[PDB]
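See structure below.
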Amino acid sequence: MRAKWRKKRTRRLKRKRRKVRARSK
Amino acid sequence: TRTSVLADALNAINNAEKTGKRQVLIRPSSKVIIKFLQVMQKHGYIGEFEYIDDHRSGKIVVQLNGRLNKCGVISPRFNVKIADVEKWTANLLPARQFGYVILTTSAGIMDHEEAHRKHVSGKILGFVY
Amino acid sequence: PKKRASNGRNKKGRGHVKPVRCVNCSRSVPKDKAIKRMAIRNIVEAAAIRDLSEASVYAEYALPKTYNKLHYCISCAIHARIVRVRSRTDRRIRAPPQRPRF
Amino acid sequence: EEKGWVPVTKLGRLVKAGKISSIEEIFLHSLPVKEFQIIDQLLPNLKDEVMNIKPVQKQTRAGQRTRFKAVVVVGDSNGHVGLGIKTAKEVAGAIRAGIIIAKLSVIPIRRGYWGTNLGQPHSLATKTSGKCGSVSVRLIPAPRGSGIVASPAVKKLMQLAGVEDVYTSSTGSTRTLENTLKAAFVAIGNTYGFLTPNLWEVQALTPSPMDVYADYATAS
Amino acid sequence: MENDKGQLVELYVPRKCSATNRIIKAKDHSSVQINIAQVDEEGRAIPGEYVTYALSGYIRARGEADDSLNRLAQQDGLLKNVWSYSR
Amino acid sequence: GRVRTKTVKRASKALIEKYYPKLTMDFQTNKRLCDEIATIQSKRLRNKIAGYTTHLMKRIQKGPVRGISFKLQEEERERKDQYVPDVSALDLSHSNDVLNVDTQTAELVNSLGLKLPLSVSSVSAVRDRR
Amino acid sequence: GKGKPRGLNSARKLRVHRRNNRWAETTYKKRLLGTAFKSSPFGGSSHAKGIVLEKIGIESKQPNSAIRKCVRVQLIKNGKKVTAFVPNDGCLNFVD
Amino acid sequence: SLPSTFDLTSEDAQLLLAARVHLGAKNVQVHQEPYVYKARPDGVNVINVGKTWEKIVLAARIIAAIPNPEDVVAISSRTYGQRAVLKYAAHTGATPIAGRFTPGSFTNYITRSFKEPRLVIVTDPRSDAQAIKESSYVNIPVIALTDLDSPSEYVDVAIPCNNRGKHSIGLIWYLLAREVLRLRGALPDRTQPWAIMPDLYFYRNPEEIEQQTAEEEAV
RNA sequence: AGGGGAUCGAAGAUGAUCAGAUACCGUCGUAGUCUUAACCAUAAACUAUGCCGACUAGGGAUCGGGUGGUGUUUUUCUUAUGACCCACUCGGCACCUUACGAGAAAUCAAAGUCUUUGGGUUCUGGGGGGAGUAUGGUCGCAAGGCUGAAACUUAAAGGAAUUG
Ligand SMILES: [Mg+2]
Ligand SMILES: [Mg+2]
Ligand SMILES: [Mg+2]
Ligand SMILES: [Mg+2]
Ligand SMILES: [Mg+2]
Ligand SMILES: [Mg+2]
Ligand SMILES: [Mg+2]
Ligand SMILES: [Mg+2]
Ligand SMILES: [Mg+2]
Ligand SMILES: [Mg+2]
Ligand SMILES: [Mg+2]
Ligand SMILES: [Mg+2]
Ligand SMILES: [Mg+2]
Ligand SMILES: [Mg+2]
Ligand SMILES: [Mg+2]
Ligand SMILES: [Mg+2]
Ligand SMILES: [Zn+2]
Numbered sequence: 001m002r003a004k005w006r007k008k009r010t011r012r013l014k015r016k017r018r019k020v021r022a023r024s025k
Numbered sequence: 002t003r004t005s006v007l008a009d010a011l012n013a014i015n016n017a018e019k020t021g022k023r024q025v026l027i028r029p030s031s032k033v034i035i036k037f038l039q040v041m042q043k044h045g046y047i048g049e050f051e052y053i054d055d056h057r058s059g060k061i062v063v064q065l066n067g068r069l070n071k072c073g074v075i076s077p078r079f080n081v082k083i084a085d086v087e088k089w090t091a092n093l094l095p096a097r098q099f100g101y102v103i104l105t106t107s108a109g110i111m112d113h114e115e116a117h118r119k120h121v122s123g124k125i126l127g128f129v130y
Numbered sequence: 002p003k004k005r006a007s008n009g010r011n012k013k014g015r016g017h018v019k020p021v022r023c024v025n026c027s028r029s030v031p032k033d034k035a036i037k038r039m040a041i042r043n044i045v046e047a048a049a050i051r052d053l054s055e056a057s058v059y060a061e062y063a064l065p066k067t068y069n070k071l072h073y074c075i076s077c078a079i080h081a082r083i084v085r086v087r088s089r090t091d092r093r094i095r096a097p098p099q100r101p102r103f
Numbered sequence: 036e037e038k039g040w041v042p043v044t045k046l047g048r049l050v051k052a053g054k055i056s057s058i059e060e061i062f063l064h065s066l067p068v069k070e071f072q073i074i075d076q077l078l079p080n081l082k083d084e085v086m087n088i089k090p091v092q093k094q095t096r097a098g099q100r101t102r103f104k105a106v107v108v109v110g111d112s113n114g115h116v117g118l119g120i121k122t123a124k125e126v127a128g129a130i131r132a133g134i135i136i137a138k139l140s141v142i143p144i145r146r147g148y149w150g151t152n153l154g155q156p157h158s159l160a161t162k163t164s165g166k167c168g169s170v171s172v173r174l175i176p177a178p179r180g181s182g183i184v185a186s187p188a189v190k191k192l193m194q195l196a197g198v199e200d201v202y203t204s205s206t207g208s209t210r211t212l213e214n215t216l217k218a219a220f221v222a223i224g225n226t227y228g229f230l231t232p233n234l235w236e237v238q239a240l241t242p243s244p245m246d247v248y249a250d251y252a253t254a255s
Numbered sequence: 001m002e003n004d005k006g007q008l009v010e011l012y013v014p015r016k017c018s019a020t021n022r023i024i025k026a027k028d029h030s031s032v033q034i035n036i037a038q039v040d041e042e043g044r045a046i047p048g049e050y051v052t053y054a055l056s057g058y059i060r061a062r063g064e065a066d067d068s069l070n071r072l073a074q075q076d077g078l079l080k081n082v083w084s085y086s087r
Numbered sequence: 002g003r004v005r006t007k008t009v010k011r012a013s014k015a016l017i018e019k020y021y022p023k024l025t026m027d028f029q030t031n032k033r034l035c036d037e038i039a040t041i042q043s044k045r046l047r048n049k050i051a052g053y054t055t056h057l058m059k060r061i062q063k064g065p066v067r068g069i070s071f072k073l074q075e076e077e078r079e080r081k082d083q084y085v086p087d088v089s090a091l092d093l094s095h096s097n098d099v100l101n102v103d104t105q106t107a108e109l110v111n112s113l114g115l116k117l118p119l120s121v122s123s124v125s126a127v128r129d130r131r
Numbered sequence: 002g003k004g005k006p007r008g009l010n011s012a013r014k015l016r017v018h019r020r021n022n023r024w025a026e027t028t029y030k031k032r033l034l035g036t037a038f039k040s041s042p043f044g045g046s047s048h049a050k051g052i053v054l055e056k057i058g059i060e061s062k063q064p065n066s067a068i069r070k071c072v073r074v075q076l077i078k079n080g081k082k083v084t085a086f087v088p089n090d091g092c093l094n095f096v097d
Numbered sequence: 002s003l004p005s006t007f008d009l010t011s012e013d014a015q016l017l018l019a020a021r022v023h024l025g026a027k028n029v030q031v032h033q034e035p036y037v038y039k040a041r042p043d044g045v046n047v048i049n050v051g052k053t054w055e056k057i058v059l060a061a062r063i064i065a066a067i068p069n070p071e072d073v074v075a076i077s078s079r080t081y082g083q084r085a086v087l088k089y090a091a092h093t094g095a096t097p098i099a100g101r102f103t104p105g106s107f108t109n110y111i112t113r114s115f116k117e118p119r120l121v122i123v124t125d126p127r128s129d130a131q132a133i134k135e136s137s138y139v140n141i142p143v144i145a146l147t148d149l150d151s152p153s154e155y156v157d158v159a160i161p162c163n164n165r166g167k168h169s170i171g172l173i174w175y176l177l178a179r180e181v182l183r184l185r186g187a188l189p190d191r192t193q194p195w196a197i198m199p200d201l202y203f204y205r206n207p208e209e210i211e212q213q214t215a216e217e218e219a220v
């Protein structure tokens, strides 16, 4: 990927992880 | 700013010798620079140099001879015992036949050979050869 | 590797420059790196001056010229032959191409 | 080996005539050399030794051209060195041209004393540096009997030089043998190019050997 | 340089730049050995008699060889008021 | 298509350089000359030599050309070079016996301390658009 | 120049600077963090004893075509399971 | 030193000034030359003719030093002075190179144009830069007829004069010829004007040689 | 959040190409684009060149300032201006040639005065991935920012130029 896209995909994964964490808490 | 006046002086003399000049203008002058110049003059690496008063800070006009190849200041005036001076003269001076580590003792500013003969040692000023 | 010393942009001391739009692909490009051409032409071509001159009530009327500055994007201009690739040693020749009309 | 050697260049004519006695006056006046016969004649004992044969490969659209870089060093082990690098197609011609180039590129060195001069100099007269490419070699004087401390290539070059003892310090990628040899050669040739207080007396500029015997040259 | 006994053990004593007192290397292939023949009283050049100048390759490549040579000639009194020690 | 490749050019140049006085304008004469003063394997090659040498003859009779240098044309050079006007252009003769210069060079002459006829006249400091 | 402090009274900054930049070397970081103890299969140890669990023929890398016969072993010192190679031709059949 | 017979005569200074040697320098000036005298308000630096002539006599001594005349080679690629170079080399035993230099003639020893002269003279450094470089490569002095804008690399004796006017270069070549001939000894003494008059050195362009050919054939 | 609301326009609505096209092209079109307070603190925020000093090489120009010109026009009869021309100087964006030094070079008048290694100083990097990820802090309403690993894996990744 472009490093730009890798960063964006990682950001979306972080967003999903934070949503799951907020649901769990 | 201009931290070490002698560093400026020796940088100027080295640059001009490399360039090929026969005279340099050391812009700010100081007692320590004068003594450095006296040492090099006594040993012959310099020709006839002249001081100029300006009521603010002296200027120096040094007539070289091209015999000099490279001077240089050891800017942090390190402390050298009478034993470590051999290490310093091995590190800086090319060969033990010639070359002088100009250093300041309580007896005055003077090269390493005279300093050894007087059996004194102080802080290192620079190296000339 | 540095393709050009002047970066092919020609600012060197302004941080940022206002951008202007291409006239062919409507690209926003900085005005300095905008490879501009002044297109001074007549309203009629050389093949029509005769008919207009003979179909004119004014005998000595001289037809006026149309003026406009053209700001290209770089890609359109490399495509539209107005700007030409050069050999590496000939890149640095800044002077405009020598006038063929000598 | 038919050393017929029709001499072109004035120096060749002079040395064939015998008016040139030693390479001393050759190096005295920055006298250029273009014929290897001259250096062969003045110093008849140039030991040679090839140092490397590196195959290099250029590529055109059909196959690969394979040439050979021969790197050779020559000397007399008595204060004269010469480096020769040359590319060629066949090996024998490669080493031949390389040794010719080395003989042209011969250089005197300045063997000095580590301290308390006794008998004969063994090491260099001073610390020296030589940088080619990114390889920078430092030649620093050695006490008697310390040996030639260097990589095998530089060690063998110094052996052909004639120095008995010297310490070395290489920096960069000395891996590239050709660059290392060039750097060491430049450093060891620089030994003269350094004003030493024992070499301070102003000389009288003895007349050049070309001028005094210019009549002998220009064969007619 | 000099052996303990007192023999010139150094290989060869090289010349020096007559303008800058800098050493002239063996392969310093830009240096020049300028000769100036002496002249007698009535205006003839004495053969085989000449003053010498050795100009280093470096100064020649710099382009200041003319200035140094002119200065040397005036210091030797071969040129009359051509160089000014004050410029 | 007939371009007379390397060999005929070289041979012709060498022949003219070496044997100028004994080459003529006629083709067949030069053919026989090149036959006698050069060893040529095939007759066609010698014919081409003769042709281009005749071309060189015509060129040299028109005027001296580049590259070629025979001894006789050095005599034409001697004649043209040795010509000289009897009256110098410089020797204070033209422009009504006047050396027309400006003030600074007059000061130069006076400073050198020698007597020269001068005619001082200042030049306007104005610089035109050019 | 040489943008590290150089005055006499700058021993502190140079010392802390070197202590901080020493964390770049992999060997120094491994030594200080004790990675050879906490996480390495061997506790900073050259050898250790273990028990064979089963035998595996691992296929080689790209240019090499062969199977390298290894054995999975559970270490007896801590219990971590790890594969291990067996040298020479007729040796896997020698491993009971 | 040189005796007072080696001073500048009124005749020679008159000849120099008439040739407009003093008007050579252009608007641009390089710090390589202190030969300037004054800056004309029109914008022409004026060359100090005395120092010039002194450079000529120094150069004449330089050439007189070398015993073998063909070891002096006079080079010119500029049209304005190639004829003067030819004539100079004809008068002395120097060897002339006119126009194209055939680069590599000093270094490559196989070349048939190989010349290895102990001295070389160059009409113009800007034009004969290749000659300067190839003289540097094999340790040769160059007595270059510099201008006050000609660059001074590798030139040892720089004779300042005009190089934009053919009169100046022709006359300066003649002066150098006269002085080297006098110092050689064949000429008896340095008081009479030389038998060969200076304008025989000036450049002859094709239209002028055409006019003179017509005049000579007229009789 | 509040005021705007023309153009342009992410999302979308579509009309075509395409094997597929919720992409390139064409029509519309919300948020934004513009503002007022409050946040955010990231960009190839690039000259990919930290700052302050001294020295080293020539060339014109250009901008601002100051000097002189019996300078040129101007015109208010003329001074005085102003605008120009010439020379110099201080400071700035740069540019041109060159290396004598530098670099692995491409190139640099600083990236020089660095093995002949030291003018004063902050901040970074130590093979490539893993990864600017996990975790822990802290800032932020949120997006995210700052700080920031390791296990493991790999023999290269990469720079510059050369020939195809
Ligand atoms: Mg103080
Ligand atoms: Mg690219
Ligand atoms: Mg600014
Ligand atoms: Mg297998
Ligand atoms: Mg709103
Ligand atoms: Mg859409
Ligand atoms: Mg659709
Ligand atoms: Mg719309
Ligand atoms: Mg950032
Ligand atoms: Mg950055
Ligand atoms: Mg910054
Ligand atoms: Mg890593
Ligand atoms: Mg990463
Ligand atoms: Mg956290
Ligand atoms: Mg990259
Ligand atoms: Mg690449
Ligand atoms: Zn466009």
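Residue numbers (PDB author numbering), protein chains in the order written: chain h, 1 to 25; chain W, 2 to 130; chain a, 2 to 103; chain C, 36 to 255; chain V, 1 to 87; chain R, 2 to 131; chain X, 2 to 97; chain A, 2 to 220.
Where a beta carbon is used, it is the ideal one built from N, C-alpha and C, also for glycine.
Report the residue from C:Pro187, C:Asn152 and C:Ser255 whose alpha carbon sits nearest the alpha carbon of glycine 6 (chain V).
C:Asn152
So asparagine 35 (chain V) is in the beta strand (DSSP E); what residue range does that whole segment cover?
Unbroken beta strand (DSSP E) run through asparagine 35 (chain V): 32-39.
Leaving out the 5 sequence neighbours to the left and right, which residues in its chain are closer than 6 Å to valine 141 (chain C) when beta-carbon positions are compared?
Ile74, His115 and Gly117
Count the other C-beta atoms from every protein chain shown that fall within 10 angstroms of the C-beta of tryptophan 149 (chain C), then say buried if there are 16 or more, exposed otherwise.
buried
Within 10 angstroms of its Cβ, does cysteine 23 (chain a) collect 16 or more other Cβ (buried), or is it exposed?
Burial call: buried.
Which runs of the alpha helix (DSSP H) fall wholly inside the stretch 14-80 of chain X and span at least 4 residues, in chain order?
27-34 and 36-39
Should the stretch 34-51 of chain W be regarded as contacting the stretch 104-113 of chain W, the criterion being three or more beta carbon pairs within less than 8 Å?
The stretch 34-51 of chain W vs the stretch 104-113 of chain W: in contact.
Whole-angstrom distance between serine 77 (chain A) and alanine 132 (chain A), CA atom to CA atom:
9 Å
Taking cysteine 167 (chain C) as part of the beta strand (DSSP E), name the residues at either end of that continuous run.
163-167
Rounded C-beta distance between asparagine 164 (chain A) and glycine 25 (chain A)? I'm assuming under 8 Å.
6 Å
Alpha-carbon to alpha-carbon, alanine 218 (chain C) and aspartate 111 (chain C)
20 Å
To which residues of the same chain is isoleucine 67 (chain A) closer than 7 Å at the C-beta, ignoring the five residues directly before and after it?
Correct list, in chain order: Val73, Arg119 and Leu120.
Quick one: which residues of the stretch 4-27 of chain W get their C-beta closer than 7 Å to a C-beta of chain X? List them in chain order.
From the stretch 4-27 of chain W, no residue has a Cβ closer than 7 Å to chain X.
Please report whether the beta-carbon of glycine 100 (chain W) lies at a distance below 7 Å from any beta-carbon of chain V.
Not an interface residue.
Starting from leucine 81 (chain C), trace the beta strand (DSSP E) in both directions and tell me its first and last residue.
From DSSP, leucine 81 (chain C) is part of no beta strand (DSSP E); its letter is neither H nor E.
Any non-hydrogen atom of ligand 4 closer than 6 Å to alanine 67 (chain X) Cβ
yes
Only counting the same chain, and skipping five residues up and downstream in sequence, which positions put a Cβ closer than 7 Å to that of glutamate 154 (chain A)?
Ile133
Locate the alpha helix (DSSP H) running through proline 244 (chain C), then write down its first and last residues.
244-247
Check the C-beta distance from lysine 27 (chain A) over to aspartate 150 (chain A) and give it rounded, since I have them as a contact under 8 Å.
6 Å
What span of residues does the alpha helix (DSSP H) with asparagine 66 (chain W) cover, start to end?
Segment: none, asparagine 66 (chain W) is in no alpha helix (DSSP H) and carries neither H nor E.
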